[PDB]
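Working notes, beginning with the structure itself.
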Amino acid sequence: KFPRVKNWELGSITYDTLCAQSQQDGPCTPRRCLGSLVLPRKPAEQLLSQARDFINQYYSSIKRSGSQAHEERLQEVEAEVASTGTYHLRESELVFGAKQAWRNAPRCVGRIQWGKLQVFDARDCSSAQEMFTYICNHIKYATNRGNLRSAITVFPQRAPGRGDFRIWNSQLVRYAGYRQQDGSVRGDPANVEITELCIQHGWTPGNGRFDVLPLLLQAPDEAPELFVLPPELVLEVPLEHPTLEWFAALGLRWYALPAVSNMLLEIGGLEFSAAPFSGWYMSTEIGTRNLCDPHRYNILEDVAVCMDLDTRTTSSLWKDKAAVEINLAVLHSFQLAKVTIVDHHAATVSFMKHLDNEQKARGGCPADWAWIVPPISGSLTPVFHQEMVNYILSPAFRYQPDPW
Amino acid sequence: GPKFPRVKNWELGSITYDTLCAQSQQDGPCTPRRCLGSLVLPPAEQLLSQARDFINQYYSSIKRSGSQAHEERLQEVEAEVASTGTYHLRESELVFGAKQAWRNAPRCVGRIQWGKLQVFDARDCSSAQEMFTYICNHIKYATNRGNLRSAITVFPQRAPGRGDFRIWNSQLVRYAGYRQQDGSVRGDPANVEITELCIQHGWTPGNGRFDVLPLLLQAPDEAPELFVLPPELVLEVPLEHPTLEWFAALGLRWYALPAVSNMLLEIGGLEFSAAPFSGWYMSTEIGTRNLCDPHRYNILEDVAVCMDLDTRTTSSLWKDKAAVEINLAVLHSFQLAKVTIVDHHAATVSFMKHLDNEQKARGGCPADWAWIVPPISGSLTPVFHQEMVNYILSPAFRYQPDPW
Ligand code: HEM
Ligand code: HEM
Ligand SMILES: Cc1cc(N)nc(CCCCCc2cc(C)cc(N)n2)c1
Ligand SMILES: Cc1cc(N)nc(CCCCCc2cc(C)cc(N)n2)c1
Ligand SMILES: C[C@H](O)[C@H](O)[C@H]1CNc2nc(N)[nH]c(=O)c2N1
Ligand SMILES: C[C@H](O)[C@H](O)[C@H]1CNc2nc(N)[nH]c(=O)c2N1
Ligand SMILES: [Zn+2]
């Protein structure tokens, strides 16, 4: 039942015993592996057992398991659930749950950081207006003038008798995508839909490719409300190249803070539909995906041409050459602007360190090989060469449907 | 929708369902609780049922399903299995099954070519000297002075009681790896075991980085005999750069013919333990894995130093830049030399065509994403964004225990 897992560079071998504590099925069966799929196809007595489970996790972690407080806390949960069908987490438990859900995130290469997360309790929130205020303090704290600090902010749990608090935007900072006459897109094509919903709910659009979108925030069973982030909070890094001086001409820029805003956080059976969290970028996310995917800004040809590369033929590897300059430019420009970033070499090295830690601490580490291995130079990094077991542990960030 | 895996391309936004997976008659390593698809590695009546299925496939492939010939061939196999425990394939059943195994191989990006495979029958082979003759013929035909041609040679199947035919070497062509007294390896480290095996059976070793191993060939129930390949039969390419002149002085080379000799070819339950097969390289096999893996030639640092790159910090992207140029050097030199090769861009483009043909032809295609995605410039190729379903179909190429 316990997989042999091998590193092929170093010949080293471990066994995952941690997977045994997974109790949510993934999409694979013995007939066919489905691990490369981005999304899944996708309660009285049972919320109860996830709660015991989780409270157990919490008291084991402060090394006070089977102590008195443990018992009296299990009794709280029971009594609360028996009468109301639900319960509430103490602030310190939430803090524990939030860090554990990062820890369990199998798609995340930055997990070495997991124990260092600033947790904002925003459960005493009753309006879109307040969410905005909480969302602003988060951006301000996490951004920290370029010296970035991981942070999550947690809005009120989902409740049986009403709508969810939701942030409609997929990220706290997004560039407008304007769907043009000839069906081309000025700006980020990833953000066409959200851009149109913002216009639909009253927003005045610009005509740049890097227009910072407003936030569409929704309090339960209310029309979402629109807030313009103040430009002074959203820090942005102009893109240039250490030697290629025309690179600066291309007006390229990315924003400092990668803050995911549409995922749901699950802890001990409670669900937190709005709980944005942020760290700092690994440079390939910007330099390779956001700028080079052909269904994003798709700037590879432009760059290659400016680099005077023979475009005609795949075999001159013009794609590979320009991709590498753009990634260098993202690192260069971030290090200049003194904004926190990490390259895929440093990041995957530190990730290797994390597997070793997690092997000593828990007996394994859930890991999604296709998301961990970077999008350029995969086998140049040590994770390419490391087998990994993937599986769902709770607490967990999960995808959730879009509100509209 | 339908309950078959839904499969999405994130670049194009297109959806398909894989119905082919229902044909899978074998379990991979995944289960609902944990994905294991990144792991490199995993007669009685069971023969009969395997045989009936292969034969049904053959007759559908020739559009004669249900015909008298079909049920008479069924009848035939059942009698032969019933009185000898095994059975033999007709010639063109062997050609079909061979092609079908390549067609079925989830790890092969080259399957647009699956239709064009020269199948040499060698089931008459009765000695290790003769194996050698067939391999030399195979190598000559396949290499065809640089204009390479895919081919497989099929030695006699396994039989109850009697020993297997086996090619000990993992590939027909392998460079020696000599273990130094100081702990390093000279040559190719992947081939240390097979080098030291060749010496034990009496080969006189050389001392270069690129010495061609002799073949260790095992006729049934005999110790393996040793055979040296005439140098004129082994086409090799010296590596040089179109613009960095010093690259040629590095003395690097690779062989033209990728020919796998250690796999088992399975058909209707019959097992061909020696059926080596060969195509042509994708440039990233040579330039990225074989030359740059840390556990292989590991020339990345030497090359970056020659390029005058900053090798003391990850963030100069020194690894990425050196890898690109080594890869350019691979293509350029094979091109200059009129030896067939394909780059990871063209190759993945055409595997996308192959997926689309197979969708129409059979309703899906088993594909191992981690192996289909090239090991440099992943997300720069269209397979990066294509979800894929991996499962096992027969005929199959399969791994087998080394015979020592
Ligand atoms: C501190 C710096 C961090 C870095 C460099 C990092 C790195 C990454 C990267 C490169 C990805 C792949 C994303 C993509 O391809 O778009 C990712 C995914 C993810 N990260 Fe992080 N991470 C960091 C911090 C965090 C934090 C603080 C959290 C939560 C508190 C987090 C949770 C996640 C989750 C849930 C995913 C999966 C995303 C999805 O499925 O859409 N990470 N991480
Ligand atoms: C025609 C040109 C071909 C190209 C460019 C090609 C390309 C590739 C590549 C890049 C790999 C992965 C190599 C690695 O990671 O080491 C591979 C694997 C494979 N190919 Fe091909 N292929 C070709 C022809 C063939 C032929 C003729 C056959 C057999 C009839 C074949 C069967 C396989 C199998 C079974 C694997 C997986 C081997 C393993 O799991 O170790 N391919 N192919
Ligand atoms: C299918 C899908 C759903 C979703 N919610 N999000 C995505 C991509 C989100 C990008 C996650 C980016 C990130 C997040 C964090 C916390 C750090 C960092 N460096 N990068 C894809
Ligand atoms: C553990 C292991 C076993 C095995 N049989 N093979 C491997 C890698 C073999 C490399 C396959 C190379 C190849 C084969 C063919 C036929 C064409 C082409 N371009 N490349 C690893
Ligand atoms: C289809 C495929 O699973 C998908 O493109 C994944 C591959 N790996 C990834 N890895 C990361 N980090 N981010 C991604 O968006 C993707 N995309
Ligand atoms: C651990 C991981 O599965 C392993 O390194 C695989 C990854 N993908 C690969 N892909 C190909 N084509 N060849 C390989 O040898 C590997 N190695
Ligand atoms: Zn799987």
Side-chain angles (χ1 to χ4, degrees), chain A residues 5-9 38-39 98-99 101-102 104-114 116-117 142 148-152 170 258 260 262-263 265 275-282 284-285 289-290 340-342 344 347 351 368-369 371-375 378-379 383-388 396-399, chain B residues 37-41 98-99 101-114 116-117 119 142 148-152 258-260 262-263 265 275 277-282 284-285 289-290 293 340-342 344 347 351 368-375 379 396-399:
Chain A
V5 165
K6 174 165 191 193
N7 178 296
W8 287 85
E9 172 191 339
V38 175
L39 316 175
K99 282 167 188 174
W102 192 7
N104 305 327
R107 284 157 169 196
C108 176
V109 82
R111 283 180 282 165
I112 196 59
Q113 291 290 155
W114 78 264
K116 191 187 191 171
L117 181 65
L148 272 54
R149 307 183 267 194
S150 300
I152 185 164
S170 94
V260 174
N262 56 358
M263 280 187 83
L265 162 66
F277 54 92
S278 48
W280 54 75
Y281 269 118
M282 174 163 91
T284 45
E285 291 181 76
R289 310 298 319 279
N290 307 339
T340 308
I341 204 155
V342 66
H344 46 292
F351 192 73
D368 188 328
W369 188 93
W371 280 63
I372 302 284
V373 178
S379 71
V383 285
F384 185 94
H385 293 276
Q386 180 59 60
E387 279 167 9
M388 324 170 182
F397 304 100
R398 308 208 255 81
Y399 307 118
Chain B
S38 85
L39 289 253
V40 182
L41 313 158
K99 285 169 191 168
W102 184 12
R103 186 189 195 163
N104 290 346
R107 279 181 177 168
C108 183
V109 73
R111 295 174 269 161
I112 186 90
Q113 291 291 154
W114 77 274
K116 193 193 198 184
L117 175 61
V119 177
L148 272 40
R149 293 176 299 201
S150 317
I152 183 169
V260 175
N262 71 329
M263 302 194 60
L265 169 73
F277 58 87
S278 58
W280 53 79
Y281 265 114
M282 187 172 64
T284 59
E285 281 169 286
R289 314 286 331 275
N290 305 348
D293 280 353
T340 312
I341 187 152
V342 63
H344 48 303
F351 178 82
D368 189 342
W369 189 99
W371 284 66
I372 301 291
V373 168
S379 75
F397 288 105
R398 298 213 298 144
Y399 301 126

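Atoms within each ligand, like the ligands themselves, are counted from 1 in listed order. In the text below, chain A, chain B and the rest are named by the order of the sequence lines, each starting its count at 1.
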Give the minimum heavy-atom separation between A:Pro374 and A:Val383, together with the two atoms involved. CD-CG2, 4.1 Å
Interatomic spacing from OH in B:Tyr281 to OG1 in B:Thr284 - rounded to 0.5 Å: 11.0 Å
Have a look at B:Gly279, A:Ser379, B:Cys108 and point out the one with the heavy atom closest to atom 43 (N) of ligand 2. B:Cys108
Looking only at distance, does A:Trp102 have an N or O less than 3.5 Å from an N or O of ligand 1? yes
State the atoms of ligand 6, each with its element, that fall below the 4.0 Å cut-off from a heavy-atom position in A:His385. 1 (C), 5 (O)
Heavy atoms only: which of A:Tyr281, A:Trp371, A:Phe351 lies closest to atom 15 (O) of ligand 1? A:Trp371
Suppose I only count heavy atoms of A:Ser278 and a 4.0 Å limit; which atoms of ligand 1 are within that range? 27 (C)
Aromatic ring pairing B:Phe397/B:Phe277, orientation class (parallel under 30°, perpendicular over 60°, tilted between): tilted
Contact atoms of ligand 6, heavy-atom distance to A:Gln386 under 4.0 Å: 1 (C)
Residue portion contacting ligand 2 (non-hydrogen atoms closer than 4.0 Å) for B:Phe277: side chain
Under 3.5 Å between any N/O of A:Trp8 and any N/O of ligand 6: does that happen in this structure? no
Could you tell me whether the side chain of A:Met388 reaches within less than 4.5 Å of the side chain of A:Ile372, counting heavy atoms only? yes
Which protein non-hydrogen atom lies closest to atom 37 (C) of ligand 2, naming both residue and atom, and how far is it? B:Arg107 CB, 3.8 Å
Report the nearest protein non-hydrogen atom to atom 15 (O) of ligand 6: residue, atom name, distance rounded to 0.1 Å. B:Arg289 NH1, 3.1 Å
Worked verdict on B:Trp371 versus B:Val40 for side-chain contact (heavy atoms from CB on, under 4.5 Å): CA-CA 10 Å; B:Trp371 284 66; B:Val40 182; 4.3 Å; yes
B:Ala142 and B:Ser278 have their tightest heavy-atom pair at CB-OG, 3.6 Å
Mind listing the closest non-hydrogen atom pair of A:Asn262 and A:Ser170 along with its distance? ND2-CB, 3.3 Å
Just distances here: any N/O of B:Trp371 and N/O of ligand 6 closer than 3.5 Å? yes
Those atoms of ligand 2 less than 4.0 Å from some heavy atom in B:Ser150: 1 (C), 27 (C)
Validation row: B:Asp293, A:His385 side chains within 4.5 angstrom (heavy atoms): yes
The reported gap from CG in B:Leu265 to CZ in B:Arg398 (rounded to nearest 0.5 angstrom) is 10.5 Å
For atom 13 (C) of ligand 1, find the nearest protein heavy atom and state the residue, atom name and distance (0.1 Å precision). A:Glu285 OE1, 3.8 Å
Where the side chain of A:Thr340 meets the backbone of A:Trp280, is there a donor-acceptor pair that is under 3.5 Å apart? no
The atoms of ligand 2 lying under 4.0 Å from a heavy atom of B:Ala105, numbered in the order shown, are 35 (C)
OG-NZ distance between A:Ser150 and A:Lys116, expressed to the nearest 0.5 angstrom: 8.0 Å
Atom 38 (C) of ligand 1: which protein heavy atom is closest, and how many Å away? A:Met263 SD, 4.2 Å
Indicate yes or no: does an N/O atom of B:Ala370 lie under 3.5 Å from an N/O atom of ligand 6? yes
Shortest non-hydrogen contact from A:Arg289 toward A:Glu285: CB-O, 3.5 Å
To the nearest 0.5 angstrom, please state how far the CG atom of B:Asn104 sits from the CZ atom of B:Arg111. 8.0 Å
May I ask you to identify the nearest protein heavy atom to atom 3 (O) of ligand 6, giving residue, atom name and distance to one decimal place in Å? B:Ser38 O, 2.7 Å
Mind checking whether A:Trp114 has a heavy atom under 4.0 Å from ligand 1? no
Separation between CD of A:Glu387 and CH2 of A:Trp369, rounded to the nearest 0.5 Å: 11.0 Å
Atoms in ligand 2 flagged as close to B:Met282, the criterion being non-hydrogen separation under 4.0 Å: 10 (C)
Geometry only, no angles: is A:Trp369 polar-contacting ligand 6 at N/O separations under 3.5 Å? no
For ligand 6, is A:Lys6 a contact, meaning one of its heavy atoms is under 4.0 Å away? no
Just do the side-chain contact (heavy atoms from CB on, under 4.5 Å) check on A:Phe351 and A:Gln386 with the steps written out, would you? CA-CA 11 Å; A:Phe351 192 73; A:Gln386 180 59 60; over 6 Å; no
On a heavy-atom basis, which atom in A:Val38 and which in A:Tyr399 lie closest, and how many Å separate them? O-CE1, 3.6 Å
Subset of ligand 2 atoms that lie under 4.0 Å from at least one heavy atom of B:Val109: 7 (C), 10 (C)
Ligand 2 contact on B:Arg289 by region, counting heavy-atom pairs under 4.0 Å: neither
With heavy atoms only and a cut-off of under 4.0 Å, state how A:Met388 meets ligand 6: side chain, backbone, both or neither. neither
For atom 6 (C) of ligand 2, tell me which residue out of B:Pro374, B:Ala98, B:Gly110, B:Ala101 has the closest non-hydrogen atom. B:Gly110
For B:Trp280, the atoms of ligand 2 under 4.0 Å from one of its heavy atoms are 1 (C), 2 (C), 3 (C), 4 (C), 5 (C)
Hey, does A:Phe384 come in under 3.5 Å of ligand 6, counting only N/O atoms on both sides? yes
Give me the residue, atom name and distance of the protein heavy atom closest to atom 35 (C) of ligand 1. A:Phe397 CD1, 3.6 Å
Under 4.0 Å to a heavy atom of A:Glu387 - the qualifying atoms of ligand 6, by number: 1 (C)
For A:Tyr399, the ligand 1 atoms with a heavy-atom partner under 4.0 Å come out as 39 (C), 40 (O), 41 (O)
Working to the nearest 0.5 angstrom, can you tell me the gap between A:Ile152 CD1 and A:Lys99 NZ? 11.5 Å
